[PDB]
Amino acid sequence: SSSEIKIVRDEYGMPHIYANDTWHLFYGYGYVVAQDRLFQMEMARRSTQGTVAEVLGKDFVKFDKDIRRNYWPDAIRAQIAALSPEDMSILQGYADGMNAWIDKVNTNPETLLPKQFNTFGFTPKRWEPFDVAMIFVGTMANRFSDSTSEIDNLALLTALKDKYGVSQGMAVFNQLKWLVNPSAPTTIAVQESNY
């Protein structure tokens, strides 16, 4: 059967998904994610889109503005709009799977709603492919792949220029923030290659 998704959990509660096509496979994945980590996932979604102050208030307004200043939503939607049907299925599958479990949770909240939703006073909302992609952009591309201190570097440089003069300020700057240092221990041995 093409309509069947089998979910087997092991002794540690780790889900294994058995499915025949892309959309059923990632629908299963989303469904167990919604069962295990719905509140975490919901806070991650708000964190990565800057919608924290709506449920948590005034202390998070700067945070929300900083998050939205750091990306361009239309650019992410355009990339999603260019996926092939197979690639799109991964994202849509996953959001649909989540939505299935969030439908049963919002239908039977007396037993199925994660405690922390009651504690913080708000309920889960449905997901689309854009939300799945923004989890990764927000927590992988922006946490580990967006680092720069160029503006602060220039403010240090200028200050060293004032204290030691123009040529000397630069040579001190290269002492503190060298471009490359040839004695650094490398993952690739010099015998194999060098940049």
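For every residue, the number given is its place in the sequence shown, counted from 1. For the two forms, the rigid core is made up of the largest set of C-alpha atoms that agree within 1.5 Å on superposition.
RMS Cα deviation from the shown model in 8 other deposited structures of this protein, rigid core fit, is larger for 143-151 than for the other stretch of the pair 127-135 / 143-151.
When 73-81 is weighed against 106-114, 106-114 comes out higher, by mean CA B-factor as recorded in the entry. Here 142-150 and 53-61 are compared by their mean Cα B-factor, and 53-61 comes out higher. Out of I135, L38, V32, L157, it is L157 whose C-alpha atom has the highest B-factor in the PDB entry. Ranked by C-alpha B-factor against the other modelled residues of its chain, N99 falls in the middle third.
The PDB entry assigns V190 a C-alpha temperature factor belonging to the highest third of its chain's modelled residues.
Ranked against the other modelled residues of its chain, the C-alpha B-factor of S183 as given in the entry falls in the lowest third. Ranked within its chain, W127 lands in the middle third, by CA B factor from the PDB record.
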